[PDB]
Amino acid sequence: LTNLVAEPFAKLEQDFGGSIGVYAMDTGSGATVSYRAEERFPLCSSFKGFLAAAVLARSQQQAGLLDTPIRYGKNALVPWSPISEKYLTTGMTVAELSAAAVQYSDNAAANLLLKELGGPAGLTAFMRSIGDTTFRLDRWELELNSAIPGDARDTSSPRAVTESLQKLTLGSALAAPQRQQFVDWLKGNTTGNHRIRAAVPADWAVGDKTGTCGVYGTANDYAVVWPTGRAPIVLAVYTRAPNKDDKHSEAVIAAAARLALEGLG
Ligand SMILES: *[B]([O])([O])[C]([C]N1[C]=C(C([O])=O)N=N1)[N]C(=O)[C]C1=[C][C]=[C]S1
């Protein structure tokens, strides 16, 4: 059954006018569904989930990190920073910046956290530390969104995203409290209701992080899903398309997720 999804994905790609990348893993079986699971796709804002996890990992060695106040100025602001804008007058703690980045995809917040962490190379090193050899972050918000076809900057594979997400949310890469905080942040995400969440029965708990580059039909979602009374499922859906003005589609990400889940039957 896991090998009967190729033609359904191909049709979806053809309808979409671009490329879809999927990796889904049932943590009960170990069983997987792949489709372009090894190809690079741009992360767009989906790197912010892993950023927050990296912050949490630092907090295991550094008490008082998460509650540290960051009083940023208006200069820290860039587009797509709805929470950072709203809290300009008060500042935000590292934890509040992390939640804004994950749950609202806040750009300014993500860049502030990158700066704490040693930049794109520092995040990349953290992902190496958990055994992810594919992930690379090269640039900052907003230029990491360029999504130029063939460009490996600021990309990973669906497989590596899912494997890394599993380690951090369900595996041993984070301490217990930190692990739960990561899961909670992903669970309260607000930007993903039309993506993997739309593909999942209403009764199942879901945590996710989205990404939207805004060019080259490039957008994505990754998630942990808790089917009632069963082992979690972890999955990643990434898209791109050949022309700069090709439109991304949330509906295609949801349909891709439904196929992957079906494939795990
Ligand atoms: B992220 O994907 O790197 C970032 C912030 N963002 C936009 C969205 C969305 O459009 O739903 N989610 N998160 N992307 C950008 O800042 C580039 C843009 C995407 C759309 C307009 S600008």
# chains A, B, ... in the order shown; residues from 1 in each chain; ligands from 1
>>> residues_near_ligand(ligand="ligand 1", cutoff="7 Å", atoms="only C-alpha atoms and all ligand atoms", output="compact mmCIF listing (two decimals) with C-alpha atoms, in the first residue's frame")
# COMPACT_ATOMS: atom_id res chain seq x y z
CA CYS A 44 10.60 29.12 3.91
CA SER A 45 9.24 29.85 7.40
CA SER A 46 9.14 26.20 8.46
CA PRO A 79 7.26 42.46 7.07
CA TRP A 80 5.26 39.52 8.28
CA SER A 105 5.42 32.72 11.77
CA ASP A 106 6.79 36.06 13.02
CA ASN A 107 9.80 37.17 10.97
CA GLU A 141 14.38 36.49 6.91
CA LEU A 142 13.36 37.63 4.34
CA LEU A 144 15.75 32.89 2.66
CA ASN A 145 12.41 32.93 0.84
CA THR A 210 3.99 26.09 8.10
CA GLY A 211 6.17 27.85 5.60
CA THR A 212 5.28 30.12 2.70
CA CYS A 213 7.98 31.62 0.53
CA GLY A 214 5.53 33.76 -1.48
>>> residues_around(residues="residue A:161", least_positions_apart="5", cutoff="9 Å", atoms="only C-alpha atoms", output="list in words")
residues 23, 132, 134, 135, 156, 166, 222, 235 and 236 of chain A
>>> select_by_dssp(residues="stretch 14-261 of chain A", states="strand (DSSP E or B)", output="ChimeraX atom specification")
/A:19-26,32-35,41-42,69-70,92-93,136,155-156,205-212,219-226,233-240
>>> residues_around(residues="stretch 172-188 of chain A", least_positions_apart="5", cutoff="6 Å", atoms="only C-alpha atoms", output="list in words")
residues 56, 167, 206, 207 and 208 of chain A
>>> residues_around(residues="residue A:75", least_positions_apart="5", cutoff="12 Å", atoms="only C-alpha atoms", output="PyMOL selection string")
chain A and resi 81+84-85+88+108+111-112
>>> write_last_selection(atoms="C-alpha atoms", output="PDB file, in the first residue's frame")
ATOM      1  CA  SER A  81       5.950  40.410  11.942  1.00  0.00           C
ATOM      2  CA  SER A  84       6.603  41.830  17.111  1.00  0.00           C
ATOM      3  CA  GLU A  85       4.705  44.875  15.791  1.00  0.00           C
ATOM      4  CA  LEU A  88       6.913  46.861  20.166  1.00  0.00           C
ATOM      5  CA  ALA A 108      11.325  39.747  13.281  1.00  0.00           C
ATOM      6  CA  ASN A 111      15.639  36.838  13.191  1.00  0.00           C
ATOM      7  CA  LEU A 112      16.106  38.025  16.821  1.00  0.00           C
TER       8      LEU A 112
END
>>> closest_atom_pairs(of="stretch 139-243 of chain A", to="stretch 11-16 of chain A", cutoff="12 Å", atoms="only C-alpha atoms", output="Markdown table")
| residue | atom | partner | partner_atom | distance |
| --- | --- | --- | --- | --- |
| A:216 | CA | A:16 | CA | 12.0 |
| A:217 | CA | A:16 | CA | 9.1 |
| A:218 | CA | A:16 | CA | 11.4 |
| A:238 | CA | A:13 | CA | 11.5 |
| A:239 | CA | A:13 | CA | 9.1 |
| A:240 | CA | A:16 | CA | 9.6 |
| A:241 | CA | A:16 | CA | 8.4 |
| A:242 | CA | A:16 | CA | 11.1 |
>>> write_last_selection(atoms="C-alpha atoms", output="PDB file, in the first residue's frame")
ATOM      1  CA  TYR A 216       7.740  29.906  -7.094  1.00  0.00           C
ATOM      2  CA  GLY A 217       4.559  28.215  -5.672  1.00  0.00           C
ATOM      3  CA  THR A 218       6.720  27.312  -2.708  1.00  0.00           C
ATOM      4  CA  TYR A 238       6.607  20.591   0.684  1.00  0.00           C
ATOM      5  CA  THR A 239       5.838  22.242  -2.684  1.00  0.00           C
ATOM      6  CA  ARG A 240       7.560  24.263  -5.326  1.00  0.00           C
ATOM      7  CA  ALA A 241       6.857  25.236  -8.927  1.00  0.00           C
ATOM      8  CA  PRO A 242       8.946  26.366 -11.963  1.00  0.00           C
TER       9      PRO A 242
END
>>> select_by_dssp(residues="stretch 39-163 of chain A", states="alpha helix (DSSP H)", output="short mmCIF file (atom, residue, chain, number, x, y, z; two decimals) with C-alpha atoms, in the first residue's frame")
data_model
loop_
_atom_site.label_atom_id
_atom_site.label_comp_id
_atom_site.auth_asym_id
_atom_site.auth_seq_id
_atom_site.Cartn_x
_atom_site.Cartn_y
_atom_site.Cartn_z
CA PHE A 47 12.72 26.64 9.75
CA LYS A 48 11.17 28.57 12.69
CA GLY A 49 9.94 25.33 14.30
CA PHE A 50 13.48 23.96 14.43
CA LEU A 51 14.75 27.37 15.62
CA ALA A 52 12.45 27.20 18.64
CA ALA A 53 13.60 23.66 19.34
CA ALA A 54 17.22 24.95 19.23
CA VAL A 55 16.35 27.66 21.73
CA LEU A 56 14.81 25.04 23.99
CA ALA A 57 17.94 22.90 23.67
CA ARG A 58 20.08 25.90 24.75
CA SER A 59 17.76 26.45 27.72
CA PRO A 82 2.46 40.73 13.38
CA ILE A 83 3.31 39.92 17.00
CA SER A 84 6.60 41.83 17.11
CA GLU A 85 4.70 44.88 15.79
CA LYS A 86 1.94 44.49 18.39
CA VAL A 94 12.88 34.77 24.43
CA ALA A 95 9.96 32.36 25.07
CA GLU A 96 7.40 34.83 23.73
CA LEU A 97 9.60 35.44 20.66
CA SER A 98 9.83 31.64 20.14
CA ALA A 99 6.01 31.20 20.38
CA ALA A 100 5.42 34.09 17.99
CA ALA A 101 7.87 32.58 15.50
CA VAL A 102 6.26 29.14 15.66
CA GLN A 103 2.62 30.11 16.13
CA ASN A 107 9.80 37.17 10.97
CA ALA A 108 11.32 39.75 13.28
CA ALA A 109 11.04 37.31 16.19
CA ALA A 110 12.76 34.58 14.23
CA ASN A 111 15.64 36.84 13.19
CA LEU A 112 16.11 38.02 16.82
CA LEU A 113 16.30 34.39 17.94
CA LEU A 114 18.70 33.53 15.12
CA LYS A 115 20.99 36.31 16.35
CA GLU A 116 21.01 34.77 19.87
CA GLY A 119 22.82 32.78 13.02
CA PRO A 120 21.90 30.40 10.22
CA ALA A 121 25.11 28.37 10.71
CA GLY A 122 24.28 27.95 14.44
CA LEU A 123 20.86 26.55 13.62
CA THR A 124 22.39 24.32 11.00
CA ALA A 125 24.92 23.05 13.59
CA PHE A 126 22.07 22.26 16.03
CA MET A 127 20.32 20.18 13.31
CA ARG A 128 23.67 18.34 12.65
CA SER A 129 23.80 17.66 16.42
CA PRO A 158 10.80 16.01 3.47
CA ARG A 159 12.49 12.92 4.95
CA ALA A 160 15.01 14.88 7.01
CA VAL A 161 12.33 17.33 8.25
CA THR A 162 10.16 14.46 9.45
CA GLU A 163 13.03 12.55 10.99
#
>>> residues_around(residues="residue A:2", least_positions_apart="5", cutoff="7 Å", atoms="only C-alpha atoms", output="JSON, numbers by chain")
{"A": [32, 33, 263, 264]}
>>> write_last_selection(atoms="N, CA, C and O atoms", output="PDB file, in the first residue's frame")
ATOM      1  N   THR A  32       6.575   3.909   6.133  1.00  0.00           N
ATOM      2  CA  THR A  32       6.669   5.217   5.549  1.00  0.00           C
ATOM      3  C   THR A  32       6.053   5.304   4.173  1.00  0.00           C
ATOM      4  O   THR A  32       6.064   4.361   3.399  1.00  0.00           O
ATOM      5  N   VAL A  33       5.553   6.485   3.889  1.00  0.00           N
ATOM      6  CA  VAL A  33       5.169   6.885   2.579  1.00  0.00           C
ATOM      7  C   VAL A  33       6.133   7.987   2.176  1.00  0.00           C
ATOM      8  O   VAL A  33       6.464   8.935   2.910  1.00  0.00           O
ATOM      9  N   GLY A 263      -1.957   6.181   2.380  1.00  0.00           N
ATOM     10  CA  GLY A 263      -0.880   5.290   2.023  1.00  0.00           C
ATOM     11  C   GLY A 263      -0.301   4.472   3.161  1.00  0.00           C
ATOM     12  O   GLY A 263       0.322   3.413   2.922  1.00  0.00           O
ATOM     13  N   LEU A 264      -0.529   4.958   4.385  1.00  0.00           N
ATOM     14  CA  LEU A 264      -0.089   4.316   5.628  1.00  0.00           C
ATOM     15  C   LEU A 264      -1.132   3.358   6.221  1.00  0.00           C
ATOM     16  O   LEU A 264      -0.938   2.815   7.336  1.00  0.00           O
TER      17      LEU A 264
END
>>> residues_around(residues="residue A:70", least_positions_apart="2", cutoff="6 Å", atoms="only C-alpha atoms", output="list in words")
residues 72, 91, 92 and 93 of chain A
